[PDB]
file query-v9.txt (compact mmCIF, N, CA, C and O atoms)
# COMPACT_ATOMS: atom_id res chain seq x y z
N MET A 499 18.89 2.58 -13.05
CA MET A 499 18.51 1.76 -14.24
C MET A 499 18.74 0.29 -13.93
O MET A 499 19.67 -0.33 -14.44
N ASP A 500 17.87 -0.27 -13.09
CA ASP A 500 17.98 -1.68 -12.72
C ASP A 500 16.61 -2.26 -12.40
O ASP A 500 16.18 -2.28 -11.24
N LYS A 501 15.92 -2.73 -13.43
CA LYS A 501 14.59 -3.30 -13.26
C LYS A 501 14.58 -4.30 -12.10
O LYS A 501 13.57 -4.45 -11.41
N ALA A 502 15.70 -4.98 -11.90
CA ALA A 502 15.81 -5.96 -10.83
C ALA A 502 15.51 -5.31 -9.48
O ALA A 502 14.76 -5.85 -8.67
N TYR A 503 16.11 -4.15 -9.25
CA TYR A 503 15.92 -3.42 -8.01
C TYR A 503 14.45 -3.09 -7.80
O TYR A 503 13.82 -3.54 -6.84
N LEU A 504 13.91 -2.29 -8.71
CA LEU A 504 12.52 -1.89 -8.64
C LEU A 504 11.64 -3.13 -8.48
O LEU A 504 10.71 -3.15 -7.68
N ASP A 505 11.96 -4.16 -9.25
CA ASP A 505 11.21 -5.41 -9.18
C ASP A 505 11.35 -6.02 -7.79
O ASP A 505 10.57 -6.88 -7.39
N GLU A 506 12.37 -5.57 -7.07
CA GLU A 506 12.63 -6.06 -5.72
C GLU A 506 11.72 -5.37 -4.70
O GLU A 506 11.21 -6.01 -3.79
N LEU A 507 11.53 -4.07 -4.87
CA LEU A 507 10.68 -3.31 -3.96
C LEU A 507 9.21 -3.60 -4.23
O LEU A 507 8.35 -3.30 -3.41
N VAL A 508 8.95 -4.17 -5.39
CA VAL A 508 7.59 -4.49 -5.81
C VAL A 508 6.86 -5.37 -4.79
O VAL A 508 5.63 -5.35 -4.71
N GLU A 509 7.62 -6.15 -4.03
CA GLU A 509 7.01 -7.04 -3.04
C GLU A 509 6.51 -6.27 -1.83
O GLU A 509 5.31 -6.22 -1.56
N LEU A 510 7.44 -5.67 -1.10
CA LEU A 510 7.09 -4.90 0.09
C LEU A 510 6.02 -3.88 -0.26
O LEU A 510 4.95 -3.84 0.36
N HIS A 511 6.31 -3.07 -1.26
CA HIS A 511 5.40 -2.03 -1.74
C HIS A 511 3.97 -2.56 -1.82
O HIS A 511 3.02 -1.89 -1.40
N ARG A 512 3.81 -3.76 -2.36
CA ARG A 512 2.49 -4.36 -2.49
C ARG A 512 2.03 -4.94 -1.16
O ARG A 512 0.99 -4.55 -0.63
N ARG A 513 2.81 -5.87 -0.63
CA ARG A 513 2.47 -6.51 0.64
C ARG A 513 2.21 -5.47 1.72
O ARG A 513 1.54 -5.76 2.72
N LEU A 514 2.73 -4.27 1.54
CA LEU A 514 2.54 -3.20 2.52
C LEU A 514 1.05 -2.99 2.79
O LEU A 514 0.67 -2.40 3.80
N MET A 515 0.22 -3.48 1.88
CA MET A 515 -1.23 -3.34 2.04
C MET A 515 -1.78 -4.40 2.98
O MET A 515 -2.84 -4.23 3.57
N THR A 516 -1.05 -5.51 3.10
CA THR A 516 -1.47 -6.60 3.96
C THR A 516 -0.98 -6.36 5.38
O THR A 516 -1.56 -6.86 6.35
N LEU A 517 0.10 -5.60 5.51
CA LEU A 517 0.66 -5.31 6.83
C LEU A 517 -0.18 -4.25 7.53
O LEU A 517 -0.48 -3.20 6.95
N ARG A 518 -0.57 -4.54 8.77
CA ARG A 518 -1.39 -3.62 9.56
C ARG A 518 -0.84 -3.46 10.97
O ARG A 518 -1.39 -2.72 11.78
N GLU A 519 0.25 -4.17 11.27
CA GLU A 519 0.85 -4.08 12.60
C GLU A 519 1.18 -2.63 12.93
O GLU A 519 2.19 -2.09 12.48
N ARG A 520 0.32 -2.00 13.71
CA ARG A 520 0.53 -0.60 14.09
C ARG A 520 1.90 -0.41 14.73
O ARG A 520 2.33 0.72 14.94
N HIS A 521 2.56 -1.50 15.06
CA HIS A 521 3.88 -1.42 15.69
C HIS A 521 4.98 -1.24 14.65
O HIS A 521 5.74 -0.27 14.70
N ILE A 522 5.09 -2.19 13.73
CA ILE A 522 6.11 -2.15 12.70
C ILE A 522 5.94 -0.92 11.80
O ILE A 522 6.88 -0.15 11.60
N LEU A 523 4.74 -0.73 11.25
CA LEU A 523 4.49 0.41 10.37
C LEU A 523 4.89 1.73 11.04
O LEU A 523 5.70 2.48 10.50
N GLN A 524 4.32 2.01 12.21
CA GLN A 524 4.63 3.25 12.92
C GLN A 524 6.14 3.39 13.14
O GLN A 524 6.66 4.51 13.21
N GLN A 525 6.84 2.27 13.26
CA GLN A 525 8.28 2.31 13.49
C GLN A 525 9.04 2.64 12.21
O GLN A 525 10.09 3.28 12.26
N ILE A 526 8.51 2.21 11.06
CA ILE A 526 9.17 2.49 9.79
C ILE A 526 8.94 3.95 9.39
O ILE A 526 9.85 4.63 8.94
N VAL A 527 7.70 4.41 9.57
CA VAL A 527 7.35 5.78 9.23
C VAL A 527 8.29 6.77 9.91
O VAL A 527 8.51 7.88 9.42
N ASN A 528 8.85 6.36 11.04
CA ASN A 528 9.77 7.21 11.78
C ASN A 528 11.12 7.31 11.08
O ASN A 528 11.89 8.24 11.33
N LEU A 529 11.40 6.36 10.20
CA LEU A 529 12.66 6.36 9.47
C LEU A 529 12.66 7.42 8.37
O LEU A 529 13.52 8.29 8.33
N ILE A 530 11.68 7.34 7.47
CA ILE A 530 11.58 8.30 6.38
C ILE A 530 11.56 9.73 6.93
O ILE A 530 11.77 10.69 6.19
N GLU A 531 11.32 9.85 8.23
CA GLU A 531 11.27 11.17 8.86
C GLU A 531 12.68 11.75 8.99
O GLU A 531 12.84 12.96 9.15
N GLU A 532 13.68 10.89 8.92
CA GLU A 532 15.07 11.33 9.04
C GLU A 532 15.65 11.72 7.69
O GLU A 532 16.26 12.79 7.56
N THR A 533 15.48 10.86 6.69
CA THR A 533 16.02 11.15 5.36
C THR A 533 15.52 12.50 4.85
O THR A 533 16.21 13.18 4.10
N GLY A 534 14.32 12.88 5.27
CA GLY A 534 13.74 14.15 4.85
C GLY A 534 13.34 14.11 3.38
O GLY A 534 13.96 14.77 2.55
N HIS A 535 12.31 13.34 3.07
CA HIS A 535 11.85 13.22 1.70
C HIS A 535 10.48 12.54 1.65
O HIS A 535 10.38 11.33 1.47
N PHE A 536 9.42 13.34 1.80
CA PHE A 536 8.07 12.80 1.77
C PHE A 536 7.05 13.93 1.63
O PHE A 536 7.41 15.09 1.41
N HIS A 537 5.77 13.58 1.75
CA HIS A 537 4.70 14.56 1.64
C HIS A 537 3.54 14.16 2.54
O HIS A 537 2.98 13.07 2.41
N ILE A 538 3.19 15.05 3.45
CA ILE A 538 2.11 14.80 4.39
C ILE A 538 0.79 15.33 3.82
O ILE A 538 0.71 16.46 3.36
N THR A 539 -0.24 14.49 3.85
CA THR A 539 -1.54 14.88 3.34
C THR A 539 -2.66 14.10 4.03
O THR A 539 -2.53 12.90 4.28
N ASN A 540 -3.76 14.79 4.32
CA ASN A 540 -4.90 14.15 4.98
C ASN A 540 -4.45 13.30 6.16
O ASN A 540 -4.01 13.83 7.18
N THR A 541 -4.57 11.98 6.02
CA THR A 541 -4.18 11.05 7.09
C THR A 541 -3.44 9.85 6.51
O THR A 541 -3.65 8.72 6.93
N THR A 542 -2.57 10.12 5.54
CA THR A 542 -1.79 9.05 4.89
C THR A 542 -0.38 9.53 4.59
O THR A 542 -0.18 10.66 4.13
N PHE A 543 0.59 8.66 4.83
CA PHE A 543 1.98 8.99 4.57
C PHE A 543 2.34 8.56 3.16
O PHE A 543 2.54 7.37 2.90
N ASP A 544 2.39 9.53 2.25
CA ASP A 544 2.70 9.26 0.85
C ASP A 544 4.14 9.60 0.53
O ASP A 544 4.57 10.75 0.69
N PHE A 545 4.89 8.61 0.07
CA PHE A 545 6.28 8.82 -0.28
C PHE A 545 6.69 7.86 -1.40
O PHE A 545 6.11 6.79 -1.55
N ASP A 546 7.68 8.28 -2.19
CA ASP A 546 8.14 7.48 -3.33
C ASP A 546 9.42 6.72 -3.01
O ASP A 546 10.35 7.26 -2.40
N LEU A 547 9.47 5.47 -3.44
CA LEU A 547 10.63 4.63 -3.21
C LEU A 547 11.73 4.94 -4.23
O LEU A 547 12.90 5.08 -3.87
N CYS A 548 11.34 5.04 -5.50
CA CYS A 548 12.30 5.33 -6.56
C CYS A 548 12.98 6.67 -6.32
O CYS A 548 14.00 6.98 -6.94
N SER A 549 12.41 7.48 -5.43
CA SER A 549 12.97 8.79 -5.13
C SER A 549 14.17 8.68 -4.20
O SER A 549 15.11 9.48 -4.28
N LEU A 550 14.14 7.69 -3.31
CA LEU A 550 15.23 7.50 -2.37
C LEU A 550 16.33 6.62 -2.97
O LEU A 550 16.09 5.85 -3.89
N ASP A 551 17.54 6.75 -2.43
CA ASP A 551 18.67 5.97 -2.91
C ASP A 551 18.57 4.53 -2.43
O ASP A 551 17.55 4.12 -1.89
N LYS A 552 19.64 3.77 -2.63
CA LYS A 552 19.67 2.37 -2.21
C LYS A 552 19.96 2.26 -0.72
O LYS A 552 19.30 1.49 -0.01
N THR A 553 20.95 3.01 -0.26
CA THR A 553 21.34 2.99 1.15
C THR A 553 20.11 3.01 2.05
O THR A 553 20.14 2.50 3.17
N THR A 554 19.03 3.60 1.56
CA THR A 554 17.79 3.68 2.34
C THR A 554 16.94 2.43 2.13
O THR A 554 16.25 1.99 3.04
N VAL A 555 16.99 1.88 0.92
CA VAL A 555 16.21 0.69 0.61
C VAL A 555 16.64 -0.49 1.49
O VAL A 555 15.81 -1.23 1.99
N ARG A 556 17.95 -0.63 1.68
CA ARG A 556 18.47 -1.71 2.51
C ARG A 556 18.14 -1.46 3.98
O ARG A 556 18.13 -2.39 4.78
N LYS A 557 17.88 -0.21 4.32
CA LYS A 557 17.55 0.15 5.69
C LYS A 557 16.07 -0.09 5.97
O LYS A 557 15.73 -0.81 6.91
N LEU A 558 15.21 0.49 5.15
CA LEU A 558 13.78 0.31 5.33
C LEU A 558 13.45 -1.17 5.28
O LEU A 558 12.46 -1.62 5.86
N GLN A 559 14.31 -1.93 4.61
CA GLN A 559 14.11 -3.37 4.50
C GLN A 559 14.30 -4.02 5.86
O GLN A 559 13.87 -5.15 6.09
N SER A 560 14.97 -3.30 6.76
CA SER A 560 15.23 -3.80 8.10
C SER A 560 14.00 -4.46 8.71
O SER A 560 14.06 -5.60 9.16
N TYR A 561 12.88 -3.73 8.73
CA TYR A 561 11.66 -4.27 9.30
C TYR A 561 11.16 -5.48 8.51
O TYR A 561 10.49 -6.36 9.06
N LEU A 562 11.49 -5.52 7.23
CA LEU A 562 11.06 -6.62 6.37
C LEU A 562 12.11 -7.72 6.35
O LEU A 562 11.87 -8.80 5.81
N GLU A 563 13.27 -7.44 6.93
CA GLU A 563 14.35 -8.43 6.98
C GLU A 563 14.25 -9.28 8.24
O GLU A 563 15.00 -10.24 8.41
N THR A 564 13.32 -8.92 9.12
CA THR A 564 13.14 -9.65 10.36
C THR A 564 11.84 -9.23 11.04
O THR A 564 11.81 -8.26 11.80
N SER A 565 10.77 -9.97 10.78
CA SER A 565 9.47 -9.66 11.37
C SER A 565 9.31 -10.38 12.71
O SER A 565 10.14 -10.22 13.61
N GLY A 566 8.25 -11.17 12.83
CA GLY A 566 8.00 -11.91 14.06
C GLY A 566 7.86 -10.96 15.24
O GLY A 566 8.57 -11.09 16.24
N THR A 567 6.94 -10.02 15.13
CA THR A 567 6.71 -9.05 16.20
C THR A 567 8.03 -8.42 16.64
O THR A 567 8.22 -8.12 17.82
N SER A 568 8.93 -8.22 15.68
CA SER A 568 10.23 -7.63 15.98
C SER A 568 11.01 -8.51 16.95
O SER A 568 10.43 -9.43 17.48
N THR B 1175 16.01 19.72 12.79
CA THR B 1175 16.50 19.93 11.40
C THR B 1175 15.65 21.01 10.73
O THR B 1175 14.57 21.35 11.21
N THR B 1176 16.15 21.53 9.61
CA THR B 1176 15.43 22.57 8.88
C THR B 1176 15.93 22.66 7.44
O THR B 1176 15.31 23.30 6.60
N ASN B 1177 17.06 22.02 7.18
CA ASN B 1177 17.64 22.03 5.84
C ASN B 1177 18.54 20.81 5.63
O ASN B 1177 19.43 20.54 6.43
N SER B 1178 18.29 20.09 4.54
CA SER B 1178 19.08 18.90 4.23
C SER B 1178 18.98 18.57 2.75
O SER B 1178 19.98 18.60 2.03
N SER B 1179 17.78 18.25 2.29
CA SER B 1179 17.56 17.91 0.89
C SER B 1179 18.44 16.73 0.48
O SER B 1179 19.30 16.29 1.25
N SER B 1180 18.22 16.23 -0.73
CA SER B 1180 19.00 15.10 -1.23
C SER B 1180 18.57 14.73 -2.64
O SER B 1180 19.12 13.82 -3.25
N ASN B 1181 17.58 15.46 -3.16
CA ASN B 1181 17.09 15.20 -4.51
C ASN B 1181 16.23 16.37 -5.00
O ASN B 1181 15.32 16.81 -4.30
N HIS B 1182 16.53 16.86 -6.20
CA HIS B 1182 15.77 17.97 -6.76
C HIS B 1182 16.15 18.18 -8.23
O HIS B 1182 17.33 18.18 -8.58
N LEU B 1183 15.14 18.36 -9.07
CA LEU B 1183 15.38 18.57 -10.50
C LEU B 1183 15.91 17.30 -11.14
O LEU B 1183 16.89 16.72 -10.67
N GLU B 1184 15.26 16.87 -12.22
CA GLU B 1184 15.68 15.66 -12.92
C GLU B 1184 15.37 15.78 -14.41
O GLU B 1184 14.40 16.41 -14.81
N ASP B 1185 16.22 15.16 -15.23
CA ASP B 1185 16.03 15.20 -16.68
C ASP B 1185 14.58 14.86 -17.04
O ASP B 1185 13.89 14.18 -16.26
N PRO B 1186 14.09 15.30 -18.17
CA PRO B 1186 12.68 15.02 -18.60
C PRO B 1186 12.43 13.53 -18.81
O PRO B 1186 12.78 12.98 -19.85
N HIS B 1187 11.83 12.89 -17.82
CA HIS B 1187 11.53 11.47 -17.91
C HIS B 1187 10.52 11.06 -16.85
O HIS B 1187 9.68 11.86 -16.44
N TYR B 1188 10.60 9.80 -16.41
CA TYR B 1188 9.69 9.30 -15.40
C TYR B 1188 8.24 9.57 -15.80
O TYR B 1188 7.97 10.10 -16.87
N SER B 1189 7.31 9.20 -14.92
CA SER B 1189 5.89 9.41 -15.19
C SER B 1189 5.09 9.37 -13.90
O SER B 1189 5.61 9.03 -12.84
N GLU B 1190 3.81 9.72 -13.99
CA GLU B 1190 2.94 9.72 -12.82
C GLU B 1190 2.63 8.29 -12.39
O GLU B 1190 2.77 7.94 -11.21
N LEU B 1191 2.21 7.46 -13.34
CA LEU B 1191 1.89 6.07 -13.04
C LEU B 1191 3.15 5.22 -13.01
O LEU B 1191 4.19 5.62 -13.54
N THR B 1192 3.06 4.05 -12.39
CA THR B 1192 4.20 3.14 -12.29
C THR B 1192 5.45 3.90 -11.85
O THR B 1192 6.18 4.44 -12.68
N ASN B 1193 5.69 3.92 -10.55
CA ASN B 1193 6.86 4.61 -10.00
C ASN B 1193 7.08 4.16 -8.57
O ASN B 1193 7.76 4.83 -7.79
N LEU B 1194 6.49 3.02 -8.24
CA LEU B 1194 6.59 2.45 -6.91
C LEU B 1194 6.41 3.52 -5.85
O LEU B 1194 7.36 4.19 -5.45
N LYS B 1195 5.16 3.67 -5.40
CA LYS B 1195 4.80 4.65 -4.38
C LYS B 1195 4.00 3.96 -3.28
O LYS B 1195 3.24 3.03 -3.54
N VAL B 1196 4.20 4.42 -2.04
CA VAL B 1196 3.53 3.83 -0.89
C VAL B 1196 2.51 4.80 -0.28
O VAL B 1196 2.62 6.01 -0.43
N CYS B 1197 1.54 4.23 0.43
CA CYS B 1197 0.51 5.01 1.10
C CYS B 1197 0.06 4.29 2.36
O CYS B 1197 -0.68 3.31 2.29
N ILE B 1198 0.53 4.77 3.51
CA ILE B 1198 0.19 4.16 4.80
C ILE B 1198 -0.92 4.94 5.48
O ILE B 1198 -0.71 6.06 5.93
N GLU B 1199 -2.11 4.34 5.56
CA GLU B 1199 -3.24 5.01 6.20
C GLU B 1199 -3.02 5.11 7.71
O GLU B 1199 -2.90 4.09 8.40
N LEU B 1200 -2.96 6.33 8.22
CA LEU B 1200 -2.75 6.55 9.65
C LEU B 1200 -4.06 6.35 10.41
O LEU B 1200 -4.13 6.57 11.62
N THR B 1201 -5.10 5.95 9.68
CA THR B 1201 -6.41 5.73 10.30
C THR B 1201 -6.38 4.47 11.16
O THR B 1201 -7.16 4.34 12.11
N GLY B 1202 -5.49 3.54 10.83
CA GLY B 1202 -5.37 2.30 11.59
C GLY B 1202 -4.60 2.52 12.89
O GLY B 1202 -5.12 2.30 13.98
N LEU B 1203 -3.35 2.95 12.75
CA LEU B 1203 -2.50 3.19 13.92
C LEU B 1203 -2.80 4.56 14.52
O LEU B 1203 -2.36 5.59 14.02
N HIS B 1204 -3.55 4.54 15.62
CA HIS B 1204 -3.91 5.78 16.31
C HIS B 1204 -3.93 5.56 17.82
O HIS B 1204 -4.90 5.91 18.49
N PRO B 1205 -2.88 4.99 18.37
CA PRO B 1205 -2.79 4.73 19.84
C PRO B 1205 -2.86 6.02 20.66
O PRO B 1205 -2.09 6.95 20.43
N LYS B 1206 -3.79 6.06 21.60
CA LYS B 1206 -3.95 7.23 22.45
C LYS B 1206 -2.65 7.56 23.17
O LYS B 1206 -2.26 6.87 24.12
N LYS B 1207 -1.97 8.61 22.72
CA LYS B 1207 -0.71 9.02 23.33
C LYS B 1207 0.29 7.87 23.29
O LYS B 1207 0.44 7.27 22.24

call {"tool": "encode", "arguments": {"input": "query-v9.txt", "output": "structure tokens"}}
result
Amino acid sequence: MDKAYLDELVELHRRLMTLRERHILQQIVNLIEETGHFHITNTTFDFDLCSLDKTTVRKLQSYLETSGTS
Amino acid sequence: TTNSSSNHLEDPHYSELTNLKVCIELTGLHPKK
């Protein structure tokens, strides 16, 4: 219950559409593979953010906390 | 792995729309091997 939080993921979640670096994306997708919480369909990785805890939000943010071709 | 889980069953709430969800098209990243 923290609109601030959700309002925080609102950026990445959206900007995620502008990101196409097959390097960073493919590297993040490998993370959600560990937590074990997603759904594979067709050719798109569909997963919910509000479904995961915070400890994961600060982690997935890793790629967004430092870009510049890694 | 084969068993872990971390979330299941929740009080009657939430909704289909507005729930911050992502969709990464694997059509872009397809490096040969």

call {"tool": "interface_residues", "arguments": {"input": "query-v9.txt", "of": "chain A", "to": "chain B", "cutoff": "5 Å", "atoms": "only N, CA, C and O atoms", "output": "JSON, numbers by chain"}}
result
{"A": [520, 541, 542, 543, 544, 545, 546, 547, 548]}

call {"tool": "write_last_selection", "arguments": {"input": "query-v9.txt", "atoms": "N, CA, C and O atoms", "output": "PDB file, in the frame of the given file"}}
result
ATOM      1  N   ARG A 520       0.320  -2.000  13.710  1.00  0.00           N
ATOM      2  CA  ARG A 520       0.530  -0.600  14.090  1.00  0.00           C
ATOM      3  C   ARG A 520       1.900  -0.410  14.730  1.00  0.00           C
ATOM      4  O   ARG A 520       2.330   0.720  14.940  1.00  0.00           O
ATOM      5  N   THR A 541      -4.570  11.980   6.020  1.00  0.00           N
ATOM      6  CA  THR A 541      -4.180  11.050   7.090  1.00  0.00           C
ATOM      7  C   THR A 541      -3.440   9.850   6.510  1.00  0.00           C
ATOM      8  O   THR A 541      -3.650   8.720   6.930  1.00  0.00           O
ATOM      9  N   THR A 542      -2.570  10.120   5.540  1.00  0.00           N
ATOM     10  CA  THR A 542      -1.790   9.050   4.890  1.00  0.00           C
ATOM     11  C   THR A 542      -0.380   9.530   4.590  1.00  0.00           C
ATOM     12  O   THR A 542      -0.180  10.660   4.130  1.00  0.00           O
ATOM     13  N   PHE A 543       0.590   8.660   4.830  1.00  0.00           N
ATOM     14  CA  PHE A 543       1.980   8.990   4.570  1.00  0.00           C
ATOM     15  C   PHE A 543       2.340   8.560   3.160  1.00  0.00           C
ATOM     16  O   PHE A 543       2.540   7.370   2.900  1.00  0.00           O
ATOM     17  N   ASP A 544       2.390   9.530   2.250  1.00  0.00           N
ATOM     18  CA  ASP A 544       2.700   9.260   0.850  1.00  0.00           C
ATOM     19  C   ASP A 544       4.140   9.600   0.530  1.00  0.00           C
ATOM     20  O   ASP A 544       4.570  10.750   0.690  1.00  0.00           O
ATOM     21  N   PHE A 545       4.890   8.610   0.070  1.00  0.00           N
ATOM     22  CA  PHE A 545       6.280   8.820  -0.280  1.00  0.00           C
ATOM     23  C   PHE A 545       6.690   7.860  -1.400  1.00  0.00           C
ATOM     24  O   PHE A 545       6.110   6.790  -1.550  1.00  0.00           O
ATOM     25  N   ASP A 546       7.680   8.280  -2.190  1.00  0.00           N
ATOM     26  CA  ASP A 546       8.140   7.480  -3.330  1.00  0.00           C
ATOM     27  C   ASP A 546       9.420   6.720  -3.010  1.00  0.00           C
ATOM     28  O   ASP A 546      10.350   7.260  -2.400  1.00  0.00           O
ATOM     29  N   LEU A 547       9.470   5.470  -3.440  1.00  0.00           N
ATOM     30  CA  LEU A 547      10.630   4.630  -3.210  1.00  0.00           C
ATOM     31  C   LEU A 547      11.730   4.940  -4.230  1.00  0.00           C
ATOM     32  O   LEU A 547      12.900   5.080  -3.870  1.00  0.00           O
ATOM     33  N   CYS A 548      11.340   5.040  -5.500  1.00  0.00           N
ATOM     34  CA  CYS A 548      12.300   5.330  -6.560  1.00  0.00           C
ATOM     35  C   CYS A 548      12.980   6.670  -6.320  1.00  0.00           C
ATOM     36  O   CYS A 548      14.000   6.980  -6.940  1.00  0.00           O
TER      37      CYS A 548
END

call {"tool": "atom_distance", "arguments": {"input": "query-v9.txt", "atom1": "atom C of residue A:565", "atom2": "atom O of residue A:525"}}
result
13.7 Å

call {"tool": "atom_distance", "arguments": {"input": "query-v9.txt", "atom1": "atom O of residue A:558", "atom2": "atom CA of residue A:507"}}
result
10.1 Å

call {"tool": "select_by_dssp", "arguments": {"input": "query-v9.txt", "residues": "stretch 507-541 of chain A", "states": "helix (DSSP H, G or I)", "output": "list in words"}}
result
residues 507, 508, 509, 510, 511, 512, 513, 520, 521, 522, 523, 524, 525, 526, 527, 530, 531, 532 and 533 of chain A

call {"tool": "atom_distance", "arguments": {"input": "query-v9.txt", "atom1": "atom O of residue A:554", "atom2": "atom O of residue A:524"}}
result
14.2 Å

call {"tool": "axis_aligned_box", "arguments": {"input": "query-v9.txt", "around": "stretch 1183-1198 of chain B", "padding_each_side": "6 Å", "output": "lines of an AutoDock Vina configuration file"}}
result
center_x = 8.0
center_y = 10.5
center_z = -7.0
size_x = 29.8
size_y = 28.1
size_z = 37.8

call {"tool": "closest_residue", "arguments": {"input": "query-v9.txt", "among": "A:536, A:526, A:555, A:563", "to": "residue A:508", "atoms": "only C-alpha atoms"}}
result
A:555

call {"tool": "select_by_dssp", "arguments": {"input": "query-v9.txt", "residues": "chain A", "states": "strand (DSSP E or B)", "output": "PyMOL selection string"}}
result
chain A and resi 537-539+542-546
